[PDB]
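Shown next: final02.txt, containing compact mmCIF, C-alpha atoms.
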# COMPACT_ATOMS: atom_id res chain seq x y z
CA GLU A 1 -12.61 -25.73 -15.70
CA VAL A 2 -9.26 -25.83 -13.92
CA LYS A 3 -7.51 -29.19 -14.29
CA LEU A 4 -4.18 -30.86 -13.47
CA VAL A 5 -4.49 -34.02 -15.57
CA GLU A 6 -1.26 -36.02 -15.81
CA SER A 7 0.05 -39.06 -17.67
CA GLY A 8 3.26 -40.93 -18.44
CA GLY A 9 3.11 -43.70 -15.83
CA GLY A 10 2.84 -47.44 -16.22
CA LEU A 11 4.23 -50.82 -15.24
CA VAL A 12 8.04 -50.71 -15.21
CA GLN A 13 10.69 -53.11 -13.95
CA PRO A 14 12.41 -52.27 -10.64
CA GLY A 15 15.58 -50.24 -10.92
CA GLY A 16 14.20 -48.26 -13.85
CA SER A 17 13.20 -44.71 -14.76
CA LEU A 18 9.85 -43.06 -15.45
CA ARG A 19 8.84 -39.67 -16.84
CA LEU A 20 5.65 -38.23 -15.33
CA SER A 21 4.23 -35.23 -17.20
CA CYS A 22 1.48 -33.09 -15.65
CA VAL A 23 -0.30 -30.49 -17.80
CA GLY A 24 -2.45 -27.63 -16.54
CA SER A 25 -5.25 -25.71 -18.24
CA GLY A 26 -6.81 -22.33 -17.56
CA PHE A 27 -5.25 -21.41 -14.22
CA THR A 28 -2.04 -19.50 -15.23
CA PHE A 29 0.29 -22.41 -14.45
CA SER A 30 3.42 -20.23 -14.48
CA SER A 31 2.22 -18.29 -11.41
CA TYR A 32 1.35 -21.22 -9.09
CA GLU A 33 3.64 -23.83 -7.57
CA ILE A 34 3.09 -27.52 -8.31
CA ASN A 35 4.04 -30.42 -6.05
CA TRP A 36 4.13 -34.19 -6.51
CA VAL A 37 2.52 -36.34 -3.80
CA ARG A 38 2.56 -40.15 -3.48
CA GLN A 39 -0.37 -42.18 -2.15
CA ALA A 40 0.28 -45.83 -1.37
CA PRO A 41 -2.72 -48.17 -1.78
CA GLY A 42 -2.94 -48.73 1.98
CA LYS A 43 -0.25 -46.63 3.68
CA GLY A 44 -1.71 -43.14 3.24
CA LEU A 45 -0.36 -40.08 1.49
CA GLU A 46 3.31 -39.15 1.17
CA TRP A 47 4.68 -35.85 -0.14
CA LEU A 48 7.45 -36.37 -2.71
CA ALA A 49 8.68 -33.25 -4.47
CA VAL A 50 8.37 -29.50 -5.03
CA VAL A 51 9.22 -27.22 -7.93
CA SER A 52 8.81 -23.48 -7.37
CA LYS A 53 7.04 -20.84 -9.47
CA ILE A 54 9.94 -19.94 -11.77
CA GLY A 55 11.33 -23.46 -12.12
CA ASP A 56 14.37 -23.35 -9.87
CA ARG A 57 14.58 -23.85 -6.07
CA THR A 58 13.76 -27.56 -6.04
CA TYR A 59 13.52 -29.26 -2.62
CA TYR A 60 12.59 -32.91 -2.17
CA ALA A 61 11.57 -35.26 0.63
CA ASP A 62 14.01 -37.05 2.91
CA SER A 63 13.04 -40.54 1.73
CA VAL A 64 13.37 -39.72 -1.99
CA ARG A 65 16.15 -37.12 -1.96
CA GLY A 66 18.23 -37.52 -5.11
CA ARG A 67 16.17 -40.47 -6.32
CA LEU A 68 13.48 -38.22 -7.82
CA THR A 69 14.34 -35.17 -9.93
CA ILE A 70 11.61 -32.66 -10.73
CA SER A 71 11.49 -30.08 -13.53
CA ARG A 72 9.12 -27.46 -14.88
CA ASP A 73 8.39 -25.81 -18.24
CA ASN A 74 6.05 -22.82 -18.08
CA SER A 75 5.98 -22.36 -21.87
CA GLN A 76 3.79 -25.42 -22.51
CA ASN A 77 2.43 -25.53 -18.91
CA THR A 78 4.06 -28.81 -17.89
CA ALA A 79 5.66 -30.28 -14.77
CA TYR A 80 7.97 -33.29 -15.15
CA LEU A 81 8.99 -35.84 -12.52
CA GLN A 82 11.89 -38.20 -13.24
CA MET A 83 11.92 -41.43 -11.24
CA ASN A 84 15.53 -42.36 -11.96
CA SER A 85 15.61 -45.47 -9.75
CA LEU A 86 12.64 -47.44 -8.44
CA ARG A 87 12.38 -50.07 -5.73
CA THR A 88 9.26 -52.16 -5.13
CA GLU A 89 8.17 -49.67 -2.44
CA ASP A 90 7.40 -46.99 -5.05
CA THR A 91 4.20 -48.55 -6.44
CA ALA A 92 1.57 -45.90 -5.68
CA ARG A 93 -0.78 -43.32 -7.18
CA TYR A 94 1.11 -40.09 -7.89
CA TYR A 95 -0.71 -36.74 -7.89
CA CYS A 96 0.45 -33.41 -9.27
CA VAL A 97 -1.09 -30.84 -6.94
CA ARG A 98 -1.45 -27.07 -7.07
CA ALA A 99 -0.24 -25.54 -3.82
CA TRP A 100 0.35 -21.88 -3.03
CA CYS A 101 1.62 -20.23 0.15
CA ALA A 102 -0.48 -19.83 3.29
CA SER A 103 1.97 -20.46 6.14
CA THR A 104 4.71 -22.76 4.79
CA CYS A 105 5.57 -21.08 1.52
CA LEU A 106 7.63 -23.26 -0.81
CA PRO A 107 6.64 -26.82 0.36
CA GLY A 108 3.05 -25.60 0.08
CA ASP A 109 0.26 -25.25 2.64
CA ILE A 110 -2.97 -25.20 0.62
CA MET A 111 -3.03 -28.10 -1.85
CA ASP A 112 -6.03 -26.62 -3.69
CA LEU A 113 -6.70 -28.78 -6.76
CA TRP A 114 -5.36 -32.31 -7.13
CA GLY A 115 -4.74 -34.22 -10.33
CA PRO A 116 -6.71 -37.40 -11.04
CA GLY A 117 -3.64 -39.49 -10.21
CA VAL A 118 -1.39 -41.77 -12.26
CA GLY A 119 -0.71 -45.30 -11.08
CA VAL A 120 2.91 -46.44 -10.99
CA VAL A 121 2.99 -50.22 -10.52
CA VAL A 122 6.58 -51.45 -10.22
CA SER A 123 6.87 -55.23 -10.48
CA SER A 124 9.64 -57.73 -11.16
CA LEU A 125 7.24 -59.88 -13.20
CA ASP B 103 -23.49 31.33 40.35
CA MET B 104 -24.37 27.65 40.59
CA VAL B 105 -22.50 24.47 39.65
CA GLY B 106 -23.78 20.95 39.09
CA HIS B 107 -21.64 18.26 40.72
CA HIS B 108 -21.95 14.62 39.66
CA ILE B 109 -19.90 11.46 40.19
CA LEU B 110 -20.16 9.15 37.20
CA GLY B 111 -19.75 5.50 38.10
CA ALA B 112 -17.24 3.01 36.80
CA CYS B 113 -17.46 1.89 33.17
CA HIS B 114 -16.36 -1.47 31.79
CA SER B 115 -17.53 -3.32 28.69
CA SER B 116 -18.95 -6.83 28.93
CA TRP B 117 -16.71 -9.86 28.52
CA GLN B 118 -16.88 -11.30 25.01
CA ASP B 119 -15.56 -14.35 23.15
CA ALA B 120 -12.49 -14.41 20.92
CA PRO B 121 -13.61 -15.39 17.40
CA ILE B 122 -12.64 -18.60 15.64
CA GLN B 123 -10.34 -18.10 12.64
CA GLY B 124 -12.20 -17.55 9.38
CA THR B 125 -15.26 -16.05 11.07
CA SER B 126 -16.43 -12.64 9.84
CA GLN B 127 -18.90 -10.94 12.18
CA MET B 128 -21.13 -7.92 11.68
CA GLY B 129 -19.74 -5.04 13.71
CA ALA B 130 -20.32 -1.39 14.57
CA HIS B 131 -21.39 1.42 12.21
CA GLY B 132 -21.89 -0.86 9.21
CA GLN B 133 -18.47 -2.53 9.23
CA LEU B 134 -17.91 -6.26 8.68
CA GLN B 135 -15.16 -7.13 11.15
CA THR B 136 -13.13 -10.03 9.74
CA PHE B 137 -10.75 -12.46 11.42
CA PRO B 138 -9.61 -14.02 8.14
CA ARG B 139 -7.85 -17.30 7.43
CA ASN B 140 -4.13 -17.79 6.92
CA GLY B 141 -3.02 -16.96 3.40
CA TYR B 142 -5.92 -14.59 2.68
CA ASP B 143 -6.28 -10.81 2.77
CA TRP B 144 -8.36 -8.75 5.20
CA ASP B 145 -11.20 -9.56 2.86
CA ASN B 146 -11.69 -13.23 3.65
CA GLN B 147 -12.21 -14.14 -0.03
CA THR B 148 -9.03 -12.54 -1.43
CA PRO B 149 -5.84 -14.67 -1.48
CA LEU B 150 -2.67 -13.15 -0.03
CA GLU B 151 0.33 -15.48 0.11
Would you mind giving the structure from this file in structure tokens?
Amino acid sequence: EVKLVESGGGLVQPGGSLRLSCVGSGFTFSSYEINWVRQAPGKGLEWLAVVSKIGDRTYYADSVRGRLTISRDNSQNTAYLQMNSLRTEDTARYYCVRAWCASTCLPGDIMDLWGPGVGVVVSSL
Amino acid sequence: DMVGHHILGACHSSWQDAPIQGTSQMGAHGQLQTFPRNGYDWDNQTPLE
């Protein structure tokens, strides 16, 4: 029943911008935090970004600080990720994950339900 | 008059094992003693951030 399906990703040239939109259904999206996590095809997971419950208090990762800007709209139950600049390293499957507080509160400790994943394939060709 | 004198011996409970986190064990007088997980209430199935 509960889902975090997302879309808005595709093949883009390097040094470009992308708009990833993640929608949620049937789990009161305004009350739970949502994070964005990167998984490289062979280099394991990597946590990218956090937006809090209200929409403010955004804290990113060290490797993508400033490069990625996250946003949240609780009216239509959406979380947006802006990839303002993209190198060739950023080709990966991006997941929007629901994560509430167990020990570490705002970065999230229990990533309960993961989105199906959207594949960003940056390429100069 | 008469008085009964007794010396009760030493009393000490047996050594037990500290429970693993998340384990809820049946206890005394019909009470389910819970050592719940992080982020949950005293009831192990109720979230508590």
Next on the checklist: Let me make sure I understand: among B:134, B:109, B:150, B:122, which one has the smallest atom-to-atom distance to chain A if we use all atoms listed in the file?
Outcome noted: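 Going through B:134, B:109, B:150, B:122 one by one, the smallest distance to chain A is for B:150.
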Next on the checklist: What are the residues of chain B lining chain A at 6 Å or less? Count only C-alpha atoms, and put the answer as a PyMOL selection string.
Outcome noted: chain B and resi 140-141+151
Next, the residues of the selection above should be written as a PDB file, in the frame of the given file with C-alpha atoms.
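As a result, selection-v2.pdb now contains:
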ATOM      1  CA  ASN B 140      -4.130 -17.790   6.920  1.00  0.00           C
ATOM      2  CA  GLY B 141      -3.020 -16.960   3.400  1.00  0.00           C
ATOM      3  CA  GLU B 151       0.330 -15.480   0.110  1.00  0.00           C
TER       4      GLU B 151
END
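Note that the spacing between atom CA of residue 3 of chain A and atom CA of residue 53 of chain A amounts to 17.5 Å.
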Item to check | Pairwise distance for atom CA of residue 98 of chain A and atom CA of residue 113 of chain A, rounded to one decimal in Å | outcome: 5.5 Å
Checklist entry - What is the atom CA of residue 13 of chain A to atom CA of residue 45 of chain A distance in Å? => result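 Atom CA of residue 13 of chain A sits 23.0 Å away from atom CA of residue 45 of chain A.
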Checklist entry - If I put a ball of radius 12 Å at (13.6, -32.3, -16.6) in the file's coordinates, which residues poke into it when counting only C-alpha atoms, written as a PyMOL selection string? => result chain A and resi 18-21+51+55-56+58+68-73+78-84
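Of the listed residues A:42, A:116, A:24, A:107, the one whose atoms come nearest to residue 61 of chain A is A:107, with distances taken using all atoms listed in the file.
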Next on the checklist: Can you pull out the residues contacting residue 120 of chain A? Cut-off 8 Å, using all atoms listed in the file, and skip same-chain residues under 6 positions away; I want them as a PyMOL selection string.
Outcome noted: chain A and resi 9-12+90-94
Just C-alpha atoms for this one: save the residues we selected as a PDB file, in the coordinates of the input.
ATOM      1  CA  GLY A   9       3.110 -43.700 -15.830  1.00  0.00           C
ATOM      2  CA  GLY A  10       2.840 -47.440 -16.220  1.00  0.00           C
ATOM      3  CA  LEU A  11       4.230 -50.820 -15.240  1.00  0.00           C
ATOM      4  CA  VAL A  12       8.040 -50.710 -15.210  1.00  0.00           C
ATOM      5  CA  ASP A  90       7.400 -46.990  -5.050  1.00  0.00           C
ATOM      6  CA  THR A  91       4.200 -48.550  -6.440  1.00  0.00           C
ATOM      7  CA  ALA A  92       1.570 -45.900  -5.680  1.00  0.00           C
ATOM      8  CA  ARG A  93      -0.780 -43.320  -7.180  1.00  0.00           C
ATOM      9  CA  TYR A  94       1.110 -40.090  -7.890  1.00  0.00           C
TER      10      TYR A  94
END
Box time for segment 1-20 of chain A: axis-aligned, enclosing all its listed atoms, 8 Å extra on each side; report centre and edge lengths in Å to one decimal, as AutoDock Vina command-line options.
--center_x 1.5 --center_y -39.4 --center_z -14.5 --size_x 44.2 --size_y 43.4 --size_z 23.8
Item to check | Nearest residue to residue 111 of chain A from the set A:123, A:76, A:99, A:8 (distances using all atoms listed in the file) | outcome: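 Counting all atoms listed in the file, the residue closest to residue 111 of chain A is A:99.
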